[PDB]
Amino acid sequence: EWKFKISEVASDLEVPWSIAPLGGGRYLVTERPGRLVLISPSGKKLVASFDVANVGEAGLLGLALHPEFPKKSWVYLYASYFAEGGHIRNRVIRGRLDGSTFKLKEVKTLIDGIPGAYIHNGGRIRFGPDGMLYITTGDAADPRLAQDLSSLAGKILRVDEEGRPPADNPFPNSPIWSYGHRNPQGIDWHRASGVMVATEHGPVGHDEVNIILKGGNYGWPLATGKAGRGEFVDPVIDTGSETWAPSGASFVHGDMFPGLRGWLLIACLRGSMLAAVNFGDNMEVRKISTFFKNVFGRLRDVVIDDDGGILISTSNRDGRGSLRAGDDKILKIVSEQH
């Protein structure tokens, strides 16, 4: 049996989309309606507000700190907005966070006009081992765009700290890294092998975990789940007729849980659970375990804290689920002797 203690790190957030650990029990969090909050042991502080398209699954979403933070004080956000004609689109922005009087300054757009909708806006952003910013996007309710290399929809993007496609991107002067995605909301890198992983929502069933290769085509909408065809990279997990609704995902690392080292943690929305996936040598699926089924309701993000503790966000305030007192929250999971 797995043994642990869970505390509430913060509460009554509105759809806390993304958590970025600062160390010393401080955290930056986005709330989907358009705000970036600092969480401290002390209390809750509003860093920045944003006028976002706060409708359906759109709003203020991913959050990433520059790999050199706080020395290079750059903070990246992924945000929905109403474009010309009232259509929902998505952008990636960046500001300098003042390490004192925590305030955000010189916010500029890096990437504009990503397609968007009430559904399928992607949204997860994270720096990988190569120092590049990766960005997930959904098919914006328009599945064919996922196969279209002239479109930013249904992709995983990879750009530098400035939003530029690196010369070694797979496609000519293009931010695209991989394609054929429906609605990916989770990415991480295995801390030893550097293998990249991503989650995805499937059409009802067929939620996925994928190993992300440079220039890979993940099949949507020509294929869903394990299709067994040469032209599409298949998922390593395919939930079949079951629905997880996975978003955020992180590989476990650090001192806290040595026996979970290199397992993949996945927050599930409708699944209302934390999935844990054990990868063998050469990234074969050894085991999948399932935690907290229906105790907290909908879960959205999962990240490892500076000490190796597991941070989770709840998402019952999107009202696709029912509320617990003081939802939504950030929960921290530590080992028993802590």
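Numbers follow the displayed sequence, beginning with 1.
Averaged over their C-alpha atoms, the temperature factors of 101 to 109 and 192 to 200 are higher for 101 to 109. Relative to one another, 92 to 100 and 117 to 125 have unequal mean CA B-factors, and 92 to 100 is the one with the higher figure. Looking at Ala275, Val285, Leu299, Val55, the one whose CA carries the top B-factor in the deposited record is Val285.
Annotation for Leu269: CA B-factor lies in the lowest third of the chain's modelled residues.
Among all modelled residues in its chain, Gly254 ranks in the highest third by Cα B-factor.
In the deposited entry, the Cα temperature factor of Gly262 sits in the top third of values across the chain's modelled residues. Sorting the modelled residues of the chain by their CA temperature factor places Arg182 in the lowest third.
Among the modelled residues of its chain, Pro70 has a C-alpha B-factor that falls in the highest third according to the deposited record.
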